[PDB]
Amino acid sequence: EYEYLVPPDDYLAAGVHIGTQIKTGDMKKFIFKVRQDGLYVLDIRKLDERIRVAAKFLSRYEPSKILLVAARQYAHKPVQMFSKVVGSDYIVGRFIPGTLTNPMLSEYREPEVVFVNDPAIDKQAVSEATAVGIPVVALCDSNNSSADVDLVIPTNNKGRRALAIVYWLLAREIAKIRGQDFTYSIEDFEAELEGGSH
């Protein structure tokens, strides 16, 4: 009886619900059940709730003051497409220690909010964000702890299609709040594969 941003099957067809073999204490509230193959299943209702909350939350910031971070390969394209639409700054690839706490570094910047792809892989960013006191928005999978995360978005943050649809929905809802024109499809946010289409 709950309204989803997109039809439930789209979410399921993307694999946002499929977690890993491991589940942390922090993620308990977001895990629906376990599957035969042993993979934990995240709650699509919960994810949909946080996407809506994160969108409204991120729309309140002036673009460049939002900094997305993702070292995970399949997250690059999605992060760049979210930044195109939203206007956020971003750092894909290796995060240079000091980017947020060393004014001397050339890459130094002062975002008001940091949004990482994985609190484990993008931990250097999370650490520095914490040191400065900047809120952290983080996509969290069953295996992630919500250590220094202020806004947890429970989802599979490893899947090519999972990342795509989540970054797409976030960007779409922010654009909708702004009354901003948005015409991208999910495929437009998906990492491109060698041998694939474009």
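Numbering starts at 1 and follows the sequence shown.
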Out of 32-40 and 55-63, which stretch has the higher average CA B-factor listed in the record?
32-40
Which has higher Cα B-factors on average according to the PDB entry: 110-118 or 96-104?
96-104
Relative C-alpha B-factor of residue 48, binned into the chain's lowest, middle or highest third
middle
Could you place residue 175 in the lowest, middle or highest third of its chain by Cα temperature factor, using the values in the record?
lowest
